[PDB]
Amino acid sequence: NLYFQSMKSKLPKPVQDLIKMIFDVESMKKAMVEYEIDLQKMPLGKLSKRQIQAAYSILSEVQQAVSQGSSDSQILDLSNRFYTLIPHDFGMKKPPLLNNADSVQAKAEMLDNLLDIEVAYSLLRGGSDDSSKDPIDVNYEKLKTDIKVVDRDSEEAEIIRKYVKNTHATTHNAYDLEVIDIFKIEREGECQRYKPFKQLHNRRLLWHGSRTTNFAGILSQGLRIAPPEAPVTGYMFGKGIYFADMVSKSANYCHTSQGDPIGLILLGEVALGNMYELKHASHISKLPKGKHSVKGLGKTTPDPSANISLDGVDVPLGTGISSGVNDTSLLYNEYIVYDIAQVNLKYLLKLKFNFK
């Protein structure tokens, strides 16, 4: 042409850092190490969906054996089959026999994380690996998600920072949160998928935290419901998509540590409709007619008189008050939907966790 075209990224610097953080191979590897996976038998590139599906089904059979009665033989078999799919490093300490709810639930949570890691990794290795363009921009494109920095002095940013400041507490005072960057995101196709559900009333802007190593999968594919193969163990309100109205609650699901103290949390617009309100666990197959979601009532709720609207989207950013709620085990509210299309992701926050 007339111009020299640099091989540098065409993205702004905070977006570049976001892409590097979510495609960080070192983090993928650390996760594998923490799970004690044998990395020579099962390297990052060897993880597959079919493998993960089959391992979930095994865990469901373990769960059925725990609730409905087991033999030693059966349990040993299921453990052997699980570890054949997800090989364990014998250089490390003996792996747990899968014969109890905690182990089942820890392994299911491993599989959720590994699935998103596999997604990230396959996106990363796929494509034209030619230098026709910057690696950062190529990996950005693969997310099929528009990501823009929200200007810090814009209305949106002031509202968002307020939602964070107010709904962060002195209870989970392990850390305070600091907003580093606010991104506006739009996943390809999601607005169209969401449209019909926009018709329902009670649309709310709610938090959803997750591990950083899951975000490539989250952005490329959107928030998902655990598959049918996955065990039900540990799903307080069954297999759906869970959100909080207090940033403190969602931030726990970032599983950030003093070692890596930055996490990512979403704000999504969720079409709740009529809410089935509950005070304790209850695994949900069907929902009562008239209801389109569940709300788990907590001891603490954002002050409803300090609530705001956006596009006719309720933003419950009031400071946390005692809900007055009688006989509940939940510290905080939760909201669950059972159809992936009831969610429209709007923002992604990068936060600093300042531990004490």
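The first residue of the sequence shown is number 1, and the count goes up from there. What we label the rigid core is the largest C-alpha set whose atoms superpose within 1.5 Å from one form to the other.
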Stretch with greater C-alpha deviation in 5 other deposited structures of this protein, 312-320 versus 59-67 (rigid core superposition): 59-67
Judged by RMS Cα deviation after a rigid core fit in 5 other deposited structures of this protein, the more variable of 300-308 and 286-294 is 286-294
Which is higher on average in the deposited entry, the C-alpha temperature factors of 81-89 or of 163-171? 163-171
Per the entry, higher mean C-alpha B factor between 106-114 and 222-230: 222-230
Scanning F197, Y235, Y242, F183 for peak Cα temperature factor in the entry gives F197
Which of these, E26, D38, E34, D314, has its C-alpha atom at the highest B-factor, as the entry lists it? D314
C-alpha B factor of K299, ranked within the chain: lowest, middle or highest third? highest
What third of the chain does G324 rank in for C-alpha temperature factor, lowest, middle or highest? highest
Where does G259 sit by CA temperature factor within its chain: lowest, middle or highest third? highest
If you rank every modelled residue in this chain by C-alpha B factor, which third holds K30: lowest, middle or highest? lowest
Ranked by Cα temperature factor within the chain, is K148 in the lowest third, the middle third or the highest third? middle
